[PDB]
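Working notes for the structure below.
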Amino acid sequence: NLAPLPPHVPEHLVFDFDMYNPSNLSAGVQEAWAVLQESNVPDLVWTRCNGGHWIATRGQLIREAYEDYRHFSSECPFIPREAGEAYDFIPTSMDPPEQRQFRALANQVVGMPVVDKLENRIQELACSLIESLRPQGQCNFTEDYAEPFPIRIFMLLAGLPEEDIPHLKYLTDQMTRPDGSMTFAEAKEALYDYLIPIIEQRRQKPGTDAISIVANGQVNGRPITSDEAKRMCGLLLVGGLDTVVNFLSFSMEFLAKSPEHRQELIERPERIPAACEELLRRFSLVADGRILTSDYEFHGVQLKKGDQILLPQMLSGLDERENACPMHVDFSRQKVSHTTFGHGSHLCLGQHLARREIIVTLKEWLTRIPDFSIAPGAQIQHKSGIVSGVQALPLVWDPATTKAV
Ligand code: HEM
C-alpha cells in the first residue's frame, strides 16, 4: 500500500521501503535495512509506504539531522504519522530548551548512580537465571532469559508487580512492532490506564522507587504535573521492557553461531567491553524519526514543512563509509562508530543500565555455558519496526560441558 507521490518529490528519489516489513527479512533484520545502503540507492530517499516519508540512509545525514532540532523536531518522532501524532512521551516528544528539564529528572531515575546501586541485584539475578537454565541443556532464550532479566530488574527499579509483566509487555510491543490488533493511541491509552492510579498513589504516599521520584519531581522550579509524570513513566516502561530484551537475543543468536567469538571472550575477558560496543554497532535495532518544522533544503533535496523523515539509528554503524566491512563482527576494530543509543540532545539515558545488563549477561553466560548452539532445524525469525526483535531463540547445549559456580 503505496501512497501517491507528493508533488515536491523527484521520482528518482523514490525507494519503497516498508520499515515494518522490509524485503530481505529472512536474511536478518540489519541485513534487510542495509539494502538502503547499496550503490543504487540515493543517500536521501522517499518511500510511499506507511503514508510516505523520507529516509536518510547514511551516518553523516543521520547525525546531522539529529543535531539540528530547529529543522528536525521530535514533536512527531514516529512513523506512521498517527503514531508520531498520538505519541506524547516526555522527554522524547520535546525539543530543547524544554526537553532539558525533563531529561534532568529522568536522569535521576535511570542514570549512572542508580546503576552503581543496582549492580549487585543485576549480577545476582543473572547468575540465578542462568544457573537455573544450565542443567536443562535447552531453553527459549527469548522467553527464558531475554524477557525476565531486564524486566524483573525494571519492575524492581519501578517498584511494580512482576504480575503486570505480561500485560505491560503486550502494550509495549504494540507500540514498537505494531500487530494490527490495536492502534498506537488505543495502546497508549491502556498503558496510561495502568499508570494513572499508581502515580496518584505515589503522590500521596511516596516511596523510593522510580515512579515515586518521578511523580514528586521538580521541573523549572515547580512541581511536575500528574500528566507530565504519566508521560515520563510511559517512556521509561517502553525502554525498560522493549530494548534490552531484543538486543540480547540478537547478540545471543550471533554467539550461538560463532564459536570463535565465544572463545575470544572466554580467554581475553578484558575485551568484553570492546565487544559489547561492537555488538551494539552490529546488532543496532532502533529506527525513529523527526518532523520538518518548515521548508528546508538538505543535501540538495527539498523538504517541505510537515514531511516526516526516518533517521534510522540502526544504519549509522552499518554504513561502509563509517565502518569498513560493516556486516563483519570484529572485537578489535580500532574505532566502533555507531549511533545505537541515538545522537544529539535525545541521547539515551538508559545506556548505562543497558551496558551493565549486556556485560553481565555475556560474562555470566559464558562462564557457566561456554558451548551452545541453535537448536537443529529451528529457523530464527526477526521482526522489524521502531524496535526490531527476534521471535524465538531455541538454544541447545550439552549439560556435561557446563560449569557450576
Ligand atoms: C538496547 C538498549 C537501548 C537502546 C538501543 C536504546 C535506544 C535509544 C534511542 C535510539 C534513543 C533516542 C531516540 C530519539 O532520539 O528519538 C533513546 C532514548 C531514551 N532511552 Fe534508550 N535505548 C535502550 C535502552 C534504554 C533503557 C534500558 C532505558 C531506561 C529504562 C532507556 C531510556 C531512554 C530514555 C529515557 C530516552 C530519552 C532521552 C531524551 O529524550 O532525552 N533506554 N534510547
Side-chain angles (χ1 to χ4, degrees), residues 18-35 126 129-151 165-166 169-170 173 176-181 241-266 275 278-280 282-285 314 318 325-331 358 361-385 387-404:
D18 184 355
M19 68 174 280
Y20 293 95
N21 181 250
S23 274
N24 267 259
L25 195 67
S26 302
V29 89
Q30 296 72 202
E31 302 73 358
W33 282 72
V35 307
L129 223 52
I130 294 158
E131 186 45 46
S132 156
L133 294 174
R134 186 188 65 72
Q136 291 164 12
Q138 94 188 112
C139 58
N140 190 192
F141 193 81
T142 71
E143 66 191 304
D144 304 327
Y145 179 94
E147 298 171 13
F149 175 64
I151 297 178
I165 295 170
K169 186 53 172 146
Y170 175 75
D173 283 25
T176 59
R177 295 173 302 288
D179 194 355
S181 65
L241 285 48
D242 204 49
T243 53
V244 179
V245 171
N246 306 285
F247 185 74
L248 294 170
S249 314
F250 292 116
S251 303
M252 201 83 343
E253 176 187 13
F254 175 69
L255 288 181
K257 282 136 51 155
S258 196
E260 314 73 17
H261 287 87
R262 288 195 300 255
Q263 262 298 114
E264 185 170 5
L265 297 179
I266 287 169
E278 181 59 353
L279 292 169
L280 280 170
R282 183 61 182 73
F283 306 97
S284 208
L285 75 162
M314 183 193 311
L318 301 184
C325 299
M327 300 308 277
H328 164 74
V329 177
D330 182 353
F331 302 151
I358 299 168
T361 302
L362 298 180
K363 192 174 152 287
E364 304 312 322
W365 184 286
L366 297 180
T367 291
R368 296 159 185 68
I369 313 172
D371 192 78
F372 61 106
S373 74
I374 297 165
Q379 281 195 188
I380 309 306
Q381 283 162 256
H382 300 163
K383 280 284 300 187
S384 191
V387 187
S388 293
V390 173
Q391 181 158 105
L393 185 65
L395 302 189
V396 296
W397 63 88
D398 181 346
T401 69
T402 68
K403 294 192 196 160

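Numbering starts at 1 and runs along the sequence shown. We use all heavy atoms of the structure for the numbers below, so side chains are in, but hydrogens, waters and symmetry mates are not.
When atom types are taken as modelled, the side chain of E278 and the backbone of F331 share no donor-acceptor pair closer than 3.5 angstrom.
Among residues two or more places apart in sequence or in another chain, the side chain to side chain donor-acceptor pair (under 3.5 Å) test is passed with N24 by none. With sequence neighbours excluded, the residues that form a salt bridge (charged side-chain N to carboxylate O under 4.0 Å, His left out) with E364 are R368. For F254, the ring-ring contact (aromatic ring centres under 6.0 Å, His included) partners are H261, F283, not counting sequence neighbours. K169 meets the side chain to side chain donor-acceptor pair (under 3.5 Å) test with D173, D242; sequence neighbours excluded. Under the salt bridge (charged side-chain N to carboxylate O under 4.0 Å, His left out) criterion, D144 pairs with no residue, sequence neighbours left out. Applying the side chain to side chain donor-acceptor pair (under 3.5 Å) rule to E264 yields the partners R271; only residues at least two apart in sequence or on another chain are considered. With sequence neighbours excluded, the residues that form a ring-ring contact (aromatic ring centres under 6.0 Å, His included) with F141 are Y145, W365. By the side-chain contact (heavy atoms from CB on, under 4.5 Å) test, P178 is found to be paired with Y20, residues two or more places apart in sequence or in another chain being considered. For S251, there are no side chain to side chain donor-acceptor pair (under 3.5 Å) partners, not counting sequence neighbours.
Looking at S284 and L318, their side chains never come closer than 4.5 Å, going by heavy atoms from C-beta outward. Taking the side chain as every heavy atom from C-beta outward, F250 and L393 never approach each other to under 4.5 Å.
Here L133 contributes atom CG and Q138 contributes atom CD; the two are 11.0 Å apart, rounded to the nearest 0.5 Å. Here CG of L265 is found 6.5 Å from CG of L362. Values are rounded to the nearest 0.5 Å.
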Could you go through residues 25-34 and list every donor-acceptor pair under 3.5 Å that involves a side-chain atom there, pairing it with any protein atom two or more places apart or in another chain?
residue	atom	partner	partner atom	Å
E31	OE2	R282	NH2	2.9
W33	NE1	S384	OG	2.9

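Applying the salt bridge (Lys or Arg N to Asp or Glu O under 4.0 Å) definition to pairs two or more places apart or across chains, those involving residues 371-380 are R262-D371. Here side-chain hydrogen bond (donor to acceptor under 3.5 Å, both in side chains) pairs that include residues 388-402, with residues two or more places apart or in two chains, are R134-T402.
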